[PDB]
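Below sits a lone chain in structure tokens, taken as the form deposited in one PDB entry.
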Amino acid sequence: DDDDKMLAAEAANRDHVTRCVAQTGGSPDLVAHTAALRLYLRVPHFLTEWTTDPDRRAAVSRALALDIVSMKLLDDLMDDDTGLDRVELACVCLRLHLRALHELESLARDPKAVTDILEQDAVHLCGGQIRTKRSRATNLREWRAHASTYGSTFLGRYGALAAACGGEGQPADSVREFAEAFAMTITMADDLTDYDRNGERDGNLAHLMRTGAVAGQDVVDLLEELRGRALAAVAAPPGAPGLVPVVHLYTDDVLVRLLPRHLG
């Protein structure tokens, strides 16, 4: 079945990454940390679901996993909250990033697309990240705007990328619309998921919900808007019907299990 395929890609992606981190000098502690980024290693699978060839699909999924983890380490490096070596973080981050550009470029119909896609909205992504951390959100409007950069544009670039290294007949705008909508659903999920790991403060949105600054129904509505946006994206021909239940799994998880944890 399909869950079988997702589980295998996740394990292939995980191994491609930890092997890479280990051979560049990352300690057992950082290797385990990259292996703990489950959704980050899984999402590249959903992102390459319009890729016909299984071999090309596995190569693109992992190349993308290499850069997603890389950017996620960059993030942990700017926050300094993981208690992981500052040096190993930077070093591994750059190493994984260079490996990803290399693999992705060798799979792209045209190597220049990789960097065109990366530069296209780099300012949007980076400046938004600066904006986001600079000022907390005070209501759903601001949260959502901050989230379309660290969440949506971030994932959206990888969608664009998968389309571009995913061979022929990949509806590029559609893979990206899925990427950005899905990214926001899981970004909320994480913001609302507390793990108790050290100096990890309440997730902004979760706080806004418990404070009352953000309306419960309003979150529900956004969730629904994001489910529709993604279902529409995967319905567009040629289609990726296989992502349909995935969109539902994640959107329904936040509605059923995460929201009740924050009704303030």
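Take the two forms, find the largest set of C-alpha atoms that superpose within 1.5 Å, and that set is the rigid core. Numbering starts at 1 and follows the sequence shown.
The discussion below concerns the form deposited in another entry, not included here.
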Conformational change between this form and the one not shown, one of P54, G212, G199, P237, C-alpha moving 2 Å or more after core fit: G199
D196 and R86, C-alpha gap in the other entry relative to this structure (3 Å or more): farther
Outcome for the Cα pair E200, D80 in the other entry, compared with this form (closer or farther; change of 3 Å or more): farther
